[PDB]
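Colleague: this block holds the first chain(s) of the complex, placed as they are in the complex; more will follow:
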Amino acid sequence: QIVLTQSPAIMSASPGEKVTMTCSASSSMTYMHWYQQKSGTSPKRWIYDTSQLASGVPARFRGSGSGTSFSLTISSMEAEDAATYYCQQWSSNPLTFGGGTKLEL
Amino acid sequence: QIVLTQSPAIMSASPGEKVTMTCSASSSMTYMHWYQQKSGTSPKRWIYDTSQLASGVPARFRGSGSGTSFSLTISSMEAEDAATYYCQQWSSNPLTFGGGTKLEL
């Protein structure tokens, strides 16, 4: 029922620069997850429960938000960070994914 | 914590015209007061508890509002009604007043 919408769609940043991605919902929720897909491979679990990092994730990143506004945040950009990020929720039937913000150089 | 903002800043009306002023807040509240200052002299208590009138106030005015939006309304414009109106809340620490609306002929 909840439709997720990301902003922006295509973006880029220099190495050593703050990167901010927003995921917005129709109605309100509290917990939302984030996935990384690189080029030509399968996605990995990247952030769960809106702020918690996964197992093999460097500590540069930070997720935060509530209500209908959520945001992933990168402090130190790196050349190995060019990927596509998806936001997904499960609080309302059915399971919906985001559009997918593409971060490149 | 709460900063009030009035609209409009400077306005004017003819005698016998409906006048509406708005006071907006950052977050929600329920009770808000209105003070009148003339030119040169001291202010007076004019409207309290968002709808009530003081002792020496004619019964033409009407205050109303809720949430984060409040308004004062003049039905019949008066000749000596050129003054400056301030809106203020005590519901959040600290006591913040309004910017002030100057109503002249």
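Modeller: Happy to help now that I have it. Residues are numbered from 1 along each chain as shown, chains lettered A, B, ... in the order given.

Colleague: and the strands in chain A?
Modeller: Taking DSSP state E, the strands of chain A run over residues A:5-7, A:10-12, A:19-29, A:33-37, A:44-48, A:52-53, A:61-74, A:83-89, A:96-97, A:101-104.

Colleague: now for the second one, which elements pack on it?
Modeller: Here strand A:10-12 is seen to pack against strand A:101-104 when contacts are counted using 3 or more CB pairs under 8 Å, 6 or more residues apart in numbering or on different chains; DSSP states H and E. C-beta here means a position set from N, CA and C on the backbone, and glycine is covered the same way.

Colleague: buried set for the strand it packs on?
Modeller: Within strand A:101-104, the residues that qualify as buried by neighbour count (16 or more other CB atoms under 10 Å in any protein chain shown) are A:101, A:102, A:103.

Colleague: for the first one, name its beta-bridge partners.
Modeller: It stands for residue A:101. Under DSSP bridges, the beta-bridge partners of residue A:101 are residue A:85.

Colleague: does it touch residue A:19 like I think?
Modeller: No: no contact is recorded between residue A:101 and residue A:19 when judged using CB atoms under 8 Å, the distance being 9.5 Å.

Colleague: what is in contact with the two at once?
Modeller: Among the neighbours of residue A:101, those also in contact with residue A:19 (CB atoms under 8 Å, 6 or more residues apart in numbering or on different chains) are residue A:11.

Colleague: mind adding chain C? sequence follows:
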Amino acid sequence: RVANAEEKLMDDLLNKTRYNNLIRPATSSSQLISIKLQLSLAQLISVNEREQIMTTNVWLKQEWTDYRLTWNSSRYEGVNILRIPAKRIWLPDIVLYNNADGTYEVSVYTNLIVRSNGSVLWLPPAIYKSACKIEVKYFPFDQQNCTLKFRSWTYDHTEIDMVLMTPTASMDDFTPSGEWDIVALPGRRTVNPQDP
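Modeller: Following on from the chains above, chain C is added here:
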């Protein structure tokens, strides 16, 4: 998330249609909800004669038809019976009026069964300290007549019926008392003409 059929059904009955337990299911004006009841005795435990109090556990099955609690069976992958707690739906307050204490109502308040018809059944567990008078002339070769008066305190005859189903109370899970003998258990429905 992952939900039952019964969880979706409970979301669709109560909170979707804005269900209110304070107002009775009348389709029109001046309609008598024909509620019906029957008693099953379980055990005589005390027939205390000095205080004139009998205590019995009874099973009063009372059932009616609530048209707001209906659903389609094949939509929710097949559910014909559904059980809900008794403080959420409408039910008449049928209690005793002859007891030695002040406790009229059932102090247990279990859950009750509603079907796809809309037919609601309620069978609360209860022991009662009824108060009956003792005929003590032919002691100890004596018969005792003791009565139980079930009626409601909220509604009246102009708003609910009260239909006795069987003429006699059943004797099904009865354990024999050892001191007393049940010989007959009649039951009747009392209404006063020229007194609605």
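
Colleague: could you re-examine the buried residues of strand A:101-104 with chain C now present?
Modeller: Within strand A:101-104, the residues scored as buried using 16+ other CB under 10 Å are A:101, A:102, A:103.

Colleague: which residues touch the second one?
Modeller: Read it as residue A:102. For residue A:102, the contact set (CB under 8 Å, 6+ apart) comprises A:9, A:10, A:11, A:83, A:84.

Colleague: hmm, back to that, which of the buried residues of strand A:101-104 sits closest to residue B:55?
Modeller: Nearest to residue B:55 among the buried residues of strand A:101-104 is residue A:101, at 61.3 Å by CB to CB.

Colleague: surely that closest one meets residue A:8?
Modeller: Yes: Residue A:101 is in contact with residue A:8 according to CB under 8 Å; the separation is 6.4 Å.

Colleague: ok, the closest residue to residue C:95 other than its chain neighbours to residue C:32 distance?
Modeller: Distance criterion CB to CB, 6 or more residues apart in numbering or on different chains; nearest residue to residue C:95, sequence neighbours excluded, is residue C:104 at 4.1 Å. As defined by CB to CB, to the nearest Å, residue C:104 lies at a distance of 23 Å from residue C:32.

Colleague: which residues does residue C:95 contact?
Modeller: C:104, C:105, C:106, C:150, C:151, C:152, C:153.

Colleague: write the ChimeraX selection for whichever of those are buried.
Modeller: What follows is the ChimeraX syntax selecting those of the contacts of residue C:95 that are buried according to 16+ other CB under 10 Å:
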select /C:106,150,152
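
Colleague: go ahead and add chain D:
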Amino acid sequence: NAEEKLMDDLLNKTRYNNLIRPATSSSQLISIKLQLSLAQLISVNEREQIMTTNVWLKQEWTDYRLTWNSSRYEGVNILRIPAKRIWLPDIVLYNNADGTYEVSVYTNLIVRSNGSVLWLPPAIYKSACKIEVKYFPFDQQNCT
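Modeller: Next up, chain D placed on what we already have:
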């Protein structure tokens, strides 16, 4: 329905408070009136000087905040409200042996278009009265 709209229109949190007493002005006496309905003298214990009764004490009054006319609301003129939701006077008895002042179960009550609210709850009371025991067992007993 009509009763579900009337219940929400009459008892609303912005306009109804079950803790303020319904007087149109200051120094107005709300004339509440009551009468007692005895059911059974279950024990008139003499050594502890306690009589134990059950009564159906009825009382009616006039609430002006619960008035409506019939023609808006499809001919409805009675309601069934839980008693703990509207304003009620706290009439109890004082000469009791226990600390049981109030009523047992707080049953529903009937309000009409006129504003006449009538409430009839059941209550048991262990009242304490004195026992004149000069004559025995041929004696009158006055218990209040």
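
Colleague: since we added chain D, can you redo the contacts of residue A:102?
Modeller: With contacts defined as CB under 8 Å, 6+ apart, the neighbours of residue A:102 are A:9, A:10, A:11, A:83, A:84.

Colleague: what is the most widely separated pair among the residues you listed?
Modeller: When the contacts of residue A:102 are compared pair by pair using CB to CB, the farthest-apart members prove to be A:9 and A:83, with a separation of 14.3 Å.

Colleague: more neighbours: which of those two?
Modeller: Neighbours around residue A:9 and residue A:83, counted as other CB atoms under 10 Å in any protein chain shown, are more numerous at residue A:83. The numbers are 20 against 10.

Colleague: pretty sure that one contacts residue A:35?
Modeller: No: counting by CB under 8 Å, residue A:83 stays clear of residue A:35, with 9.7 Å between them.

Colleague: okay, and the common contacts of those two?
Modeller: Going by CB under 8 Å, 6+ apart, no residue sits against residue A:83 while also sitting against residue A:35.

Colleague: got the phi and psi for the residue lying closest to residue A:89 once chain neighbours are set aside?
Modeller: Beyond its immediate neighbours in the sequence, the residue positioned closest to residue A:89 (CB to CB, 6+ apart) is residue A:32, lying 5.0 Å away. Here is the backbone geometry of residue A:32 (degrees, to the nearest 10): phi -150, psi 150.

Colleague: list the contacts of the residue of chain A found nearest chain C.
Modeller: Scanning chain A for the residue nearest chain C gives residue A:90, at 5.9 Å (criterion: CB to the nearest CB). Residues in contact with residue A:90, defined by CB under 8 Å, 6+ apart, are A:33, C:1.
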